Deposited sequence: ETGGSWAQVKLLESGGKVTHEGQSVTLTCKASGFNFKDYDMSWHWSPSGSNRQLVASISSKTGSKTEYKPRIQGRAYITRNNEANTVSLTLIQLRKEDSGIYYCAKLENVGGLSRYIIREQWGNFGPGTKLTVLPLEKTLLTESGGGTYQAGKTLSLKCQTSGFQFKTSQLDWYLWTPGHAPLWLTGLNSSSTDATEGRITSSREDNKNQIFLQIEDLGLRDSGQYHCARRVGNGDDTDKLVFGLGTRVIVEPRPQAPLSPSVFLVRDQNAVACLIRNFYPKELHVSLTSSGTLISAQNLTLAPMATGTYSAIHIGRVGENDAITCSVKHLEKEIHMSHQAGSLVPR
């Protein structure tokens, strides 16, 4: 009639899962129930079967013999639960069936449902915990650290990779079972064999050095099929170093449909910009602030107005005050 299995989730290797199956529309006591498993599609295999009305004959398959337990709730429910030996290969679609003749043979188990999606993900024994992220002034020295766990640290190859949005992941430096690798000058790496830690040291920090730093471990068979196992990484933002307060240069551009207010070479980064047409604010205006390699900030305030209109860009970046106006 209507069998609806409801269990399964996204768990990790070495977890527990309990699968339920609501059976509606027939006398639950008389008939026996069972659970099936299919890797991705068809080829359903009988993995568990329970007898009639909280029966006495519950038989498991050698696949889950010692980590399974099937039970039934006579209020329209059947439960199968897998123990903490739950690996990744016993993951897929599980179905719920009900048993349902001399010269006419039928299929022993029937009335399957849509199944339930159980996805067990593998659990990595390689643990990498990056620390040392934050905001740094330019010219300072960055020093990152990784706590490693779950592998032979002494004979392992561990690297530092720089992940920045829109850019290709870039290898900075690393270590192996030998002496310093690319460990001369700005980008440097070291290790502490006692606490199983690897370090990164970048000197004379620049704006280009911002990004997400991951320490990575090379695992595999030693050939080009090896993979890199990454940690969550730690984020590093670089700010301009403190310097003398510099007032900005303001300019005004047009493109017959928009207005760009150009604010160049100011410090600190705190300012207020506003674009006015006739004493009022213009339709749209969004600010974009960015620090230059010269050590100061620049900003652009774009808006849209007509070409035969008056507009005024007002810039307040200290005690000082600046107004740029184009008449009609």
Deposited sequence positions missing from the model - stretches, numbered from 1, in order:
1-8, 109-113, 342-347
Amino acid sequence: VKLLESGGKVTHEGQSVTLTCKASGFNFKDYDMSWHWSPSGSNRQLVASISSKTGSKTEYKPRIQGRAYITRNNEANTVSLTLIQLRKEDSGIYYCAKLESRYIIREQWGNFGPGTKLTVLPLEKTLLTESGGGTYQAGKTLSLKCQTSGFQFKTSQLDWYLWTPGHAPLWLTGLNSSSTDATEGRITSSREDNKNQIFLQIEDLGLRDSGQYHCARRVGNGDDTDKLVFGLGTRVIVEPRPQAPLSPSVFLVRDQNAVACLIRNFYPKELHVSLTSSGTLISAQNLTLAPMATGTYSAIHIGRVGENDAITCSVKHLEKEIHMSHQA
From here on, numbers count along this sequence of modelled residues.
Of 218-226 and 129-137, the stretch whose C-alpha atoms average the higher B-factor in the entry:
129-137
Between 192-200 and 81-89, which has the larger average Cα B-factor in the PDB entry?
81-89
Checking the record values for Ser34, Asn265, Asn286, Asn43, which has the greatest CA B factor?
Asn43
Reading the B-factor column of the entry, which of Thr296, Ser274, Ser49, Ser52 has the highest value at its C-alpha atom?
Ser52
Third of the chain's Cα B-factor distribution that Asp159 belongs to, per the entry
lowest
Chain-relative CA temperature factor third for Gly115:
highest
Report the third (lowest, middle or highest) to which the CA temperature factor of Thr173 belongs, ranking only the modelled residues of the same chain.
lowest
For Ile237, return the chain-relative third of its C-alpha B-factor as stated in the PDB record: lowest, middle or highest.
lowest
Would you mind checking where the Cα B-factor of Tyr213 ranks among the modelled residues of its chain, as the lowest, middle or highest third?
lowest
